[PDB]
Amino acid sequence: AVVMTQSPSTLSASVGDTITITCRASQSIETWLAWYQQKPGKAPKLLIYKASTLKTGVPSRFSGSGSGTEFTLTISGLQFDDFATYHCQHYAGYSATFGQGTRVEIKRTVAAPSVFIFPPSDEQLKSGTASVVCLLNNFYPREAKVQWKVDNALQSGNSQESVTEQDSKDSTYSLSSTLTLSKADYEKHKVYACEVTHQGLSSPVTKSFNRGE
Amino acid sequence: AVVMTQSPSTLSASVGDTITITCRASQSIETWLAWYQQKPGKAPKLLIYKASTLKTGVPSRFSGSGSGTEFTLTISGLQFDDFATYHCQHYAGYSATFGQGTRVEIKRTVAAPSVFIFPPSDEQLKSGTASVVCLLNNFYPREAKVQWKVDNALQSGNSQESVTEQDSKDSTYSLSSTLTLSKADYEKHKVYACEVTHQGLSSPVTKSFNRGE
Amino acid sequence: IXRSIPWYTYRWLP
Amino acid sequence: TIXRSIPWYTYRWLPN
Amino acid sequence: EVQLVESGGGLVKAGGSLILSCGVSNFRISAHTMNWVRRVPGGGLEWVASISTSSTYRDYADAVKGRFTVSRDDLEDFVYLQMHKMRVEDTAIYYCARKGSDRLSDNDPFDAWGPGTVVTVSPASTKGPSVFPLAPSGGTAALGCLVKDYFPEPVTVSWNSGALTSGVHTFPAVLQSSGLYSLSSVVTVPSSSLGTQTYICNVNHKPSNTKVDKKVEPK
Amino acid sequence: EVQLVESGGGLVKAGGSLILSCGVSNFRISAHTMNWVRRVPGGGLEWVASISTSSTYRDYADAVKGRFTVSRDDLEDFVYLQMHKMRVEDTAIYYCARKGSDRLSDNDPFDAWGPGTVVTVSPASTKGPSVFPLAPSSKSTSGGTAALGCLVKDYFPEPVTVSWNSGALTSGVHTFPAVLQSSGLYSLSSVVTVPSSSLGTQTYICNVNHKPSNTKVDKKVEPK
Ligand SMILES: *[C@@H]1O[C@H](CO[C@H]2O[C@H](CO[C@H]3O[C@H](CO)[C@@H](O)[C@H](O)[C@@H]3O[C@H]3O[C@H](CO)[C@@H](O)[C@H](O)[C@@H]3O)[C@@H](O)[C@H](O[C@H]3O[C@H](CO)[C@@H](O)[C@H](O)[C@@H]3O[C@H]3O[C@H](CO)[C@@H](O)[C@H](O)[C@@H]3O)[C@@H]2O)[C@@H](O)[C@H](O[C@H]2O[C@H](CO)[C@@H](O)[C@H](O)[C@@H]2O[C@H]2O[C@H](CO)[C@@H](O)[C@H](O)[C@@H]2O[C@H]2O[C@H](CO)[C@@H](O)[C@H](O)[C@@H]2O)[C@@H]1O
Ligand SMILES: *[C@@H]1O[C@H](CO[C@H]2O[C@H](CO[C@H]3O[C@H](CO)[C@@H](O)[C@H](O)[C@@H]3O[C@H]3O[C@H](CO)[C@@H](O)[C@H](O)[C@@H]3O)[C@@H](O)[C@H](O[C@H]3O[C@H](CO)[C@@H](O)[C@H](O)[C@@H]3O)[C@@H]2O)[C@@H](O)[C@H](O[C@H]2O[C@H](CO)[C@@H](O)[C@H](O)[C@@H]2O[C@H]2O[C@H](CO)[C@@H](O)[C@H](O)[C@@H]2O)[C@@H]1O
């Protein structure tokens, strides 16, 4: 049961930089280690195997080293196309283990989100469904926590989130959370709120409205 | 390329009767023919193979004969357990073909349906949906047709129906059809009608209601 | 190769 | 002794 | 040249089952150990299953052991993944992958991957029915209950705790495009009993331990 | 008692794919030719596919030839049916069935069947979105900026494109990844931040294009 631990989980860097992802195994795996690149929505691509062997076609700016328990992937002269997620892998004959992955993103300064809340439209409501939407706009880093509260009761199991990719212009992220209730449920409560926690905010921001105004 | 033709499609009889189901092959299949019994919502059950051999556990009132192109399944002394669908089958080493199937039912006199229509409940409407139900009650034989009309425009693709098994007390069938619309569409129109066609009627029957009234 | 999809190409006849 | 996957994993071989 | 393609992804309810397949182009699977891998919403990859040559040895991640089985069809070049007793944490993009190299060795990396297929497990393994009256409105009247939007089958319906059996019809359920079931139960009675005799349908949905009594009155 | 059990059925959109499996109890499939059979709504049975011992020979009903594949797993005793490019008339109960008898011969009937699994192909391969405004209000306006948007709900399949004011408004726009709801339908939102001072003078319309259904919707998003 070998544990593979990548570090860091998120690595923020700029174009032209030289960066290093580390992968450590909880016990020796000799050189049975491979590195994969994966871009959103696409298949993993094999970059390196046997710890340091470059697959044909892979640019020489990618380099792998290590053995036993410590392994590194170094990209020298990071290019825009290199921004992606990288996975290390211990591979055995009939099984494998992956690290948690390392996402390489464009480095920028911390930015608190702007938070907006939207009651359900009357039109949707009339149709028997209440979607309540919470928007977190242009924040950095991507890690953010959003909690829904209905009359101060923390909600679970009735919301879905979606995050945008890093913005081409300001390198920030945006996030959308939707709380979905039946018309009937929605009308049993008064105060709807989303509470946002983020590293750039001095303390959490809560946006709320009362049903019916 | 061997077509199997079964006859009749429906065979109405009474407990105690001796009945015969015919199976015809488009060309000689020697005695490579099997008979199966199937009850509603259950798996087929093999009764006879090699045209005339009974499977273990099959009562002697079942018999089979024939060779070449004409085959017969006989049931001598119909019991309640025997009312079911029967399927003939030509089986070859790596393929098979089935007849259309023969449904054996309890015979009784023709009976026209009682027809009822039900508007959506106010409760359901409040939740955004409108199911209109048409009931055809205690008719015989099983073949019946339902057409939904909204402000006299025939509907399609928005209704489903299901039929009960033959009734224990009067040996009739009943059918339920549900027309489903959004609350929005439902309120655009005034007259909802279901039109029923059945051999017990001198002509199609219509039951209708005006929304609101 | 004798395949099933997207074309049936088995050629043996029982 | 049949090696199976479900509902119990019962393969006994260990890779070398 | 080398390609892999997965089929079968979809939305399944917790506790449910789903089977995936994988096809290839420009190589034969026979000499290759074939594998399944999934990318969970967090972003990380998880090894799921491996099926060796000749199908002699099969190994699974602990999280799915006992629930998943992998199979291979060398003659037509397909690999299968059966998933049973599925859980929310099985939600992921599933990839079919081969172990390979220019010369096959006893331990090669995953050199070719399919684009992936999305598998989604919703958390609720059951859902109780909504019950609505079919209100009556000569001599012979009809009323009933509409049992709507439940999952899975079956429901049972009695009338007046069972005292009422004559004239009752409970219809086979239909499967709506929503993937939920619906049925109706009706009873015919004397128009002279409307407002004297009380009528109550008793709905039971054992799978969600739900019982619902509903009075059907006129108007 | 010999037993068979199907797995995998459900609802599929026309053109879609579905794979079924079949498992057994109290016998090994290796010596048996295995079969798939379906009962269509009209009540008749239809032979679908057969796979011989050793997977040597596979045969299919003409109606499914080229679209279906049958496979077997003798070591763990499973049978598979791949169904691709599905049609409404594929709608049926599918049974896994064994060719067999007390003593095997060159041609035996189907002596054991599974209980059947229901496969339903809906006519609709596509469904167009509902679009709802995410109206600007005091709850979405702070200082110099206001946020507004559109909720694009209950469509299938991906993708939909969203533009604002026919492409004139691009700055500040965020169109989020769709999410798959428990209903099996997708939904997403597109939002834009604008000067609070512009509400009431400048009109805002989200243009939604669902190419898969060739459906287009223009939605005016206004205060209150
Ligand atoms: C349990 O069953 C195991 C069989 O599993 C199947 O896989 C075998 C491996 O196949 C992969 O690897 C080979 C190359 O290594 C490739 O040719 C294959 O294409 C395949 O590659 C795919 O998988 C690998 C691994 O995931 C990936 O890295 C690749 O990228 C690719 O995806 C395969 O050999 C085996 O088939 C043979 O055996 C079947 C019966 O088990 C039979 O059905 C087949 O017909 C075939 O039998 C013939 O062929 C072989 C090869 O020539 C001969 O050896 C036979 O005698 C027949 O002529 C399966 O399809 C199997 O591996 C296990 O065997 C190992 O362990 C047992 C006991 O534990 C021993 O009895 C075996 O000798 C064997 O040990 C050897 O192999 C291990 C790794 O392969 C080593 O770690 C061992 O130390 C040992 O290696 C030494 O001994 C050998 C003989 O002494 C010698 O040849 C070696 O060079 C070494 O010196 C077990 O039976
Ligand atoms: C091309 O492939 C075919 C298929 O081979 C596969 O099936 C063979 C038959 O198995 C079934 O029948 C047996 C008894 O007849 C049963 O014992 C067996 O369990 C099977 O039973 C199931 O299937 C039948 C039919 O669907 C069903 O009725 C039952 O209820 C069961 O459901 C089987 O023998 C094969 O196994 C052998 O060969 C394989 C090779 O892949 C080996 O892996 C295996 O270990 C074993 O040796 C296989 O599983 C095959 O039948 C053909 O062979 C015949 O024809 C060729 C020429 O086409 C000849 O070379 C050969 O000798 C075979 O037939 C001869 O005899 C017949 C008389 O019946 C004669 O008409 C013919 O001309 C030949 O002279 C071919 O290889």
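Each ligand, and each atom within it, is numbered from 1 in the order the structure gives. Order of the sequence lines fixes the chain letters, A, B, ..., with proteins taken first and strands second; residue numbering starts at 1 for each chain. Only this structure's heavy atoms are used, side chains among them; waters, hydrogens and symmetry mates stay out.
At the top of the distance list for atom 36 (O) of ligand 2, counting protein heavy atoms only, stands F:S54 OG, 4.5 Å. In this structure, atom 49 (O) of ligand 2 lies nearest to the protein heavy atom F:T53 OG1, 2.4 Å. Scanning the protein for heavy atoms near atom 23 (O) of ligand 2, the closest one is F:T33 OG1, 3.1 Å. Atom 16 (C) of ligand 2 has F:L104 CB, 4.3 Å as its closest protein atom, hydrogens excluded (heavy atom only). Nearest non-hydrogen protein atom to atom 68 (C) of ligand 2 is F:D106 OD2, 4.3 Å. For atom 9 (C) of ligand 2, the closest non-hydrogen atom on the protein side is B:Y94 OH, 4.0 Å. Summary of contacts: the protein heavy atom closest to atom 41 (O) of ligand 2 is F:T56 OG1, 3.7 Å. Looking only at protein heavy atoms, the nearest one to atom 19 (O) of ligand 2 is F:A31 O, 2.8 Å.
The closest side-chain heavy-atom distance from A:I75 to A:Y86 is below 4.5 Å. Looking only at side-chain heavy atoms (C-beta outward), F:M34 and F:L4 come within less than 4.5 Å of each other. Inter-residue side-chain proximity for F:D59 and C:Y8 is flagged as met; some heavy-atom pair is nearer than 4.5 Å. Contact annotation: the side chain of E:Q82 approaches that of F:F78 to within less than 4.5 Å [non-hydrogen atoms, C-beta and beyond]. The side-chain heavy atoms of B:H87 and F:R39, taken from C-beta on, include a pair separated by under 4.5 Å. Residues B:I29 and B:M4 are in side-chain contact: their nearest non-hydrogen atoms beyond the backbone lie under 4.5 Å apart. Side chains of E:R98 and E:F110 form no contact here, defined as non-hydrogen atoms less than 4.5 Å apart.
When heavy-atom distances to ligand 2 are checked against a 4.0 Å cut-off, F:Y57 has no atom that comes that close, whether in backbone or side chain.
Per-atom contact check: atom 56 (C) of ligand 2 does not touch the protein, criterion being a heavy-atom distance below 4.0 Å. Distances from atom 32 (O) of ligand 2 to the protein include at least one heavy-atom value under 4.0 Å. Less than 4.0 angstrom separates atom 29 (C) of ligand 2 from at least one non-hydrogen atom of the protein. There is no protein heavy atom less than 4.0 angstrom from atom 74 (C) of ligand 2. There is no protein heavy atom less than 4.0 angstrom from atom 46 (C) of ligand 2. Within the 4.0 Å cut-off (strictly below), a protein heavy atom is located near atom 25 (C) of ligand 2. Counting only heavy atoms, the protein never gets under 4.0 Å from atom 38 (O) of ligand 2. Distance screen at 4.0 Å: atom 65 (C) of ligand 2 has no protein heavy-atom neighbour inside the cut-off.
Salt-bridge annotation for A:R24 and A:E70: present, with a side-chain N of the basic residue lying under 4.0 Å from a carboxylate O of the acidic one. F:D77 and F:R28 are joined by a salt bridge, as a carboxylate oxygen and a charged side-chain nitrogen come within less than 4.0 angstrom of each other.
Taking the six-membered ring where the residue is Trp, the centroids of F:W113 and B:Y36 are separated by under 6.0 Å. Residues D:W13 and A:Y94 bring their aromatic ring centres within 6.0 Å. For an aromatic pair to be called close, the ring centres must be under 6.0 Å apart, and E:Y80 with F:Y80 satisfies this.
The 12-atom threshold is not exceeded at NZ of A:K42, counting heavy atoms of other residues, nucleotides or ligands nearer than 6.0 Å.
Close contacts between ligand 2 and C:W12 involve ligand atoms 3 (C), 58 (O) [criterion: under 4.0 Å to a heavy atom]. Close approach of ligand 2 to F:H32 (heavy-atom distance below 4.0 Å) involves ligand atoms 31 (C), 32 (O). Listed by number with element, the atoms of ligand 2 under 4.0 angstrom from any heavy atom of B:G93 are 25 (C), 26 (O). Applying the 4.0 Å criterion to heavy atoms of F:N107 picks out, from ligand 2, the atoms 28 (O).
Where the criterion is an N or O separation shorter than 3.5 Å, residue side chain and backbone included, F:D108 meets it with respect to ligand 2. In terms of polar-atom proximity, F:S101 is not counted as a contact of ligand 2, lacking any N or O under 3.5 Å from an N or O of the ligand.
In this structure, B:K50 NZ and F:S105 OG are separated by 8.0 Å, a value rounded to the nearest 0.5 Å.
The two residues F:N35 and F:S50 have their closest heavy-atom pair at OD1-CB, 3.1 Å.
Distance alone, capped at 3.5 Å, places no donor-acceptor pair between the A:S63 side chain and the A:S60 backbone. Remark: side-chain polar atoms of A:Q6 are paired, donor with acceptor, to backbone N or O of A:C88 under 3.5 angstrom.
Protein residues with a heavy atom closer than 4.0 Å to ligand 1 are A:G93, A:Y94, D:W13, D:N16, E:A31, E:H32, E:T33, E:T53, E:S54, E:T56, E:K99, E:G100, E:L104, E:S105, E:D106, E:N107, E:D108, listed by chain and number.
Remark: B:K55 is positioned above the aromatic ring of B:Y49, its terminal NZ or CZ atom under 6.0 angstrom from the ring centre and at most 45 degrees off the axis.
Within the structure, ligand 2 has F:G100 among the residues with a heavy atom less than 4.0 angstrom away.
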